[PDB]
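First comes the structure, then the notes that go with it.
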Amino acid sequence: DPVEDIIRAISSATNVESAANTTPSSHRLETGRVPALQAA
Amino acid sequence: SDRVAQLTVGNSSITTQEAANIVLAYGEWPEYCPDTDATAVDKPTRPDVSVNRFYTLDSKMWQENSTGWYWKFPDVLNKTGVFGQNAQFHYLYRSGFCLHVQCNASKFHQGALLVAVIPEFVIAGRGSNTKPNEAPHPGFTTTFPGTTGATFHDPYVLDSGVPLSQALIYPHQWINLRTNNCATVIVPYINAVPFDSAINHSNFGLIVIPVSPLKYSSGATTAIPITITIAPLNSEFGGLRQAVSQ
């Protein structure tokens with residue numbers, strides 16, 4: 001009371017019992033959305 | 001309602017007035033690869049009517065000394081039509097086939113032809129050499145004959161070292177010149193992998209052999225051909241790249 005200044009991990013776990021699946025994806029024609037560009 | 005058939009695939013169609021049923025190899029139809037069996041992630045191409053259709057090879061003429069011929073599939077089709085082009089630009093091929101063989105003659109002729117479908121049909125070197133170095137092997141033009149077909153040196157052992165009499169295990173039919181003038185077999189895609197390379201690997205060969213020889217009394221027609229017409233049911237292609245003929 002008399003002196004106030006006196007008063008986690010982002011990553012989580014998941015079970016993986018088999019290799020990852022693959023969902024169907026069509027093309028994309030549009031701007032603003034760019035999955036390829038990375039910055040390492 | 002039996003001996004008369006019509007087959008329509010693509011822009012091509014086949015009629016026969018004399019036929020003995022139709023064989024469906026191993027009791028299955030050709031089909032596209034199910035999502036559960038597939039492995040390669042990229043999307044296959046499915047031309048449908050431009051690939052799937054009847055292609056007709058040249059005719060093999062039929063003599064008294066003839067020992068019989070064979071072909072390899074898809075190999076016979078790798079240079080022809082749009083089917084030959086897709087198989088060159090793609091690394092991964094899958095499909096079935098519908099095979100049709102035309103041989104006719106007249107009620108004074110006689111003979112029989114064994115028509116079979118042999119999965120993984122391996123030709124064999126002919127020689128007494130037991131050393132894998134000095135032992136002979138067949139040439140590429142023999143292993144994969146192409147459109148021109150090949151011929152048997154020893155039709156009795158099927159050139160593979162295996163008796164012809166037991167060839168009736170494979171999906172087959174006979175052309176018996178008193179009974180039917182055509183033989184038709186519908187082959188599913190058979191292989192130990194879902195896709196494969198049409199260029200490096202032939203799924204199965206076709207075989208036409210005279211178990212009983214051609215005979216005709218003088219004055220009748222000496223020239224009998226054997227024509228072959230094959231259609232690629234349910235084709236897929238994957239792994240698109242530049243063109244490789246071999």
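Note on naming: chains are A, B, ... as they come in the structure tokens, residues start from 1 per chain, ligands start from 1 in the order shown.
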Contacts of region 15-30 of chain A at 12 Å (only C-alpha atoms; same-chain gap of 4+ positions) as a ChimeraX atom specification
/A:34-35 /B:35-36,38-44
For the residues in that selection, give me C-alpha atoms as an mmCIF file, in the first residue's frame.
data_model
loop_
_atom_site.group_PDB
_atom_site.id
_atom_site.type_symbol
_atom_site.label_atom_id
_atom_site.label_comp_id
_atom_site.auth_asym_id
_atom_site.auth_seq_id
_atom_site.Cartn_x
_atom_site.Cartn_y
_atom_site.Cartn_z
ATOM 1 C CA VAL A 34 2.044 -13.123 -51.529
ATOM 2 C CA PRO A 35 2.938 -16.510 -50.008
ATOM 3 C CA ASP B 35 -6.993 -39.607 -52.998
ATOM 4 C CA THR B 36 -6.040 -42.231 -50.413
ATOM 5 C CA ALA B 38 -2.123 -41.210 -54.332
ATOM 6 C CA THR B 39 1.243 -39.862 -53.230
ATOM 7 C CA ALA B 40 2.495 -37.084 -55.543
ATOM 8 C CA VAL B 41 1.075 -33.742 -54.404
ATOM 9 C CA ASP B 42 0.787 -31.876 -57.715
ATOM 10 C CA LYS B 43 -2.427 -31.916 -59.693
ATOM 11 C CA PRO B 44 -2.708 -34.457 -62.528
#
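From CA of residue 58 (chain B) back to CA of residue 245 (chain B), the distance works out to 21.1 Å.
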If you count only C-alpha atoms, which residues fall within 6 Å of region 175-187 of chain B, apart from same-chain ones fewer than 6 positions away, as an MDAnalysis selection string?
chainID B and resid 18:19 22:25 96:104 110:113
When you draw a straight line from CA of residue 120 (chain B) to CA of residue 203 (chain B), how long is it in Å?
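A separation of 5.7 Å between them.
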Give the strand (DSSP E) residues of region 12-222 of chain B, as DSSP finds them on the backbone, and put them as a CSV table (one decimal) with C-alpha atoms, in the first residue's frame.
chain,number,residue,atom,x,y,z
B,12,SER,CA,-13.8,-43.0,-82.5
B,13,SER,CA,-16.1,-46.0,-82.5
B,14,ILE,CA,-15.9,-49.7,-83.4
B,15,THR,CA,-18.6,-52.1,-84.7
B,16,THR,CA,-18.4,-55.8,-84.9
B,23,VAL,CA,-13.3,-59.7,-71.1
B,24,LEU,CA,-12.9,-57.4,-68.2
B,55,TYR,CA,-5.8,-45.7,-82.1
B,56,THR,CA,-5.2,-48.3,-84.8
B,60,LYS,CA,0.3,-57.8,-89.2
B,61,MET,CA,-0.2,-60.2,-92.1
B,62,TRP,CA,-1.0,-63.8,-91.4
B,69,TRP,CA,3.6,-61.1,-82.4
B,70,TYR,CA,3.7,-58.9,-79.3
B,71,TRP,CA,3.4,-55.3,-78.4
B,72,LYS,CA,4.0,-53.2,-75.2
B,73,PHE,CA,1.7,-50.7,-73.6
B,90,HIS,CA,5.0,-35.7,-67.9
B,91,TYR,CA,7.0,-37.9,-65.6
B,92,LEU,CA,4.0,-39.8,-64.2
B,93,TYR,CA,1.5,-41.8,-66.2
B,94,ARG,CA,-1.6,-43.9,-65.2
B,97,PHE,CA,-6.8,-49.7,-72.0
B,98,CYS,CA,-9.4,-51.3,-74.2
B,99,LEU,CA,-7.8,-53.8,-76.6
B,100,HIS,CA,-9.5,-54.9,-79.9
B,101,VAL,CA,-8.1,-57.3,-82.4
B,102,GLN,CA,-9.6,-57.7,-85.9
B,109,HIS,CA,-10.7,-70.9,-93.7
B,110,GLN,CA,-9.6,-72.2,-90.3
B,111,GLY,CA,-7.2,-71.5,-87.4
B,112,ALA,CA,-7.2,-70.0,-84.0
B,113,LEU,CA,-5.4,-67.2,-82.3
B,114,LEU,CA,-4.6,-66.8,-78.6
B,115,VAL,CA,-5.0,-63.2,-77.5
B,116,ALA,CA,-3.7,-62.5,-74.0
B,117,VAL,CA,-2.8,-59.6,-71.7
B,118,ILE,CA,0.4,-60.2,-69.7
B,119,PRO,CA,1.1,-57.8,-66.8
B,150,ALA,CA,7.9,-57.9,-82.5
B,151,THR,CA,7.9,-61.6,-83.2
B,172,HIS,CA,-7.5,-63.7,-72.7
B,173,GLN,CA,-9.8,-64.7,-75.6
B,174,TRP,CA,-9.5,-66.7,-78.8
B,175,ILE,CA,-10.1,-65.7,-82.4
B,176,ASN,CA,-11.5,-69.0,-83.8
B,182,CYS,CA,-12.6,-60.1,-83.0
B,183,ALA,CA,-11.3,-60.3,-79.4
B,184,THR,CA,-11.8,-57.5,-76.9
B,185,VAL,CA,-10.3,-57.1,-73.4
B,186,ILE,CA,-10.6,-54.2,-71.1
B,187,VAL,CA,-7.5,-53.8,-68.9
B,204,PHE,CA,1.8,-55.1,-70.0
B,205,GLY,CA,2.3,-56.6,-73.4
B,206,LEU,CA,-0.3,-58.0,-75.9
B,207,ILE,CA,0.1,-61.4,-77.5
B,208,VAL,CA,-1.4,-62.9,-80.6
B,209,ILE,CA,-0.3,-66.4,-81.3
B,210,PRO,CA,-1.4,-69.2,-83.8
B,211,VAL,CA,-2.1,-72.2,-81.5
B,212,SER,CA,-3.8,-73.8,-84.6
B,213,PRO,CA,-2.3,-72.7,-87.9
B,214,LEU,CA,-4.1,-70.9,-90.7
B,215,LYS,CA,-5.3,-73.3,-93.4
B,216,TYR,CA,-7.2,-72.6,-96.6
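Computed from the coordinates, the CA of residue 89 (chain B) to CA of residue 37 (chain A) distance equals 29.0 Å.
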Would you list, as a ChimeraX atom specification, the residues of region 49-222 of chain B that end up in alpha helix (DSSP H) under DSSP run on this structure's backbone?
/B:81-89,140-143
